[PDB]
C-alpha cells in the first residue's frame, strides 16, 4: 500500500478533489480570511513580517493617520517609520511601503490594481511579486480574491495539510504554489472555496502540533496518520 505522495499526479489530483469535497461538507462557506481591498492587503502584508496580527492592525491604522496614500509617499521616511513602530523592524519596512505606493500610482489608474485584471496571469503575478516585501502567496491571494484569476494561494495551513495528507511530497512553500495549482482546475470559485476550507481545517483540526486526527474527516486517506497514528509530529 504505497503512500499518496509517491502516486502519479493524476491520482494525487483525484485525491485533492476528494479532500476538497470532504472539507466543504465540514466547513461549508465559513471564511476566516481578512478579505481586504487590494491596497490594504498589500500594505498589511508588508507590515505583517515577524509581527503579531494585533501589532500589524494597529500599525496599519496608525499609518493611515498620516493621511491618504499620496501623503504617505510624500511623508518623510522617518515619519512613516515612527507611525508603524508597533510592527517589527519599522525602519526597514518604511521604505518598502513608499516604494510600493510609488509603483502603484505610476501604473494606469490611481492607487488601484484594476489594470492587473487584463494582464496574462503569469505577467500579473510577476508584477506583484516584484513589489518589495510582497511574495507569491499574497500576489496569488490578491489575484484570486480581488480579481478572480485562476491562481491558488498556499499559506502555512494549506501547505501543512496538503503535505501531511500526501497530495504533494515535502518541498518549499513557493514550489508548492506551482505543484498544487498543477493538480487543480482553472476555476476561481472552486480554488477560493478550497483555500478557505484548508484554512479552517488547519486552524481547528490539523494543527501545527498535536493534530486532532480522531476528529478529522480526512483520516482514512491521510499519509501522516497511516505512518504515525495518534503521534503525527509537528510540521517542519
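Positions refer to the first chain, counted from 1.
Student: On average, which has the higher Cα B-factor in the deposited entry, 98-106 or 135-143?
Tutor: Comparing 98-106 with 135-143, the higher mean C-alpha B-factor belongs to 98-106.
Student: Would you tell me which stretch averages the higher CA B-factor in the PDB entry, 45-53 or 176-184?
Tutor: On average, C-alpha B-factors are higher across 45-53.
Student: Using the temperature factors in the entry, find which of 161, 154, 121, 148 has the highest value at its Cα atom.
Tutor: The record points to 121.
Student: Among 189, 28, 169, 211, where is the Cα temperature factor highest, going by the PDB entry?
Tutor: Checking the PDB record, the top C-alpha B-factor among 189, 28, 169, 211 is at 28.
Student: Please place residue 40 in the lowest, middle or highest third of its chain according to the CA B-factor in the PDB entry.
Tutor: CA B-factor rank for residue 40: middle third.
Student: Per the entry's values, where does residue 62 land by CA temperature factor relative to the rest of its chain, in the lowest, middle or highest third?
Tutor: CA B-factor rank for residue 62: middle third.
Student: Split into thirds by Cα B-factor across the chain's modelled residues, where does residue 79 land: lowest, middle or highest?
Tutor: Highest third - that is where residue 79 ends up once the chain's C-alpha B-factors are sorted.
Student: Based on the deposited C-alpha B factors for this chain, I'd like to know if residue 125 is in the lowest, middle or highest third.
Tutor: Its C-alpha B-factor, which the entry lists for residue 125, ranks in the middle third among residues of this chain.
Student: Rank-wise, by C-alpha B-factor, drop residue 1 into the lowest, middle or highest third of its chain.
Tutor: Its C-alpha B-factor, which the entry lists for residue 1, ranks in the highest third among residues of this chain.
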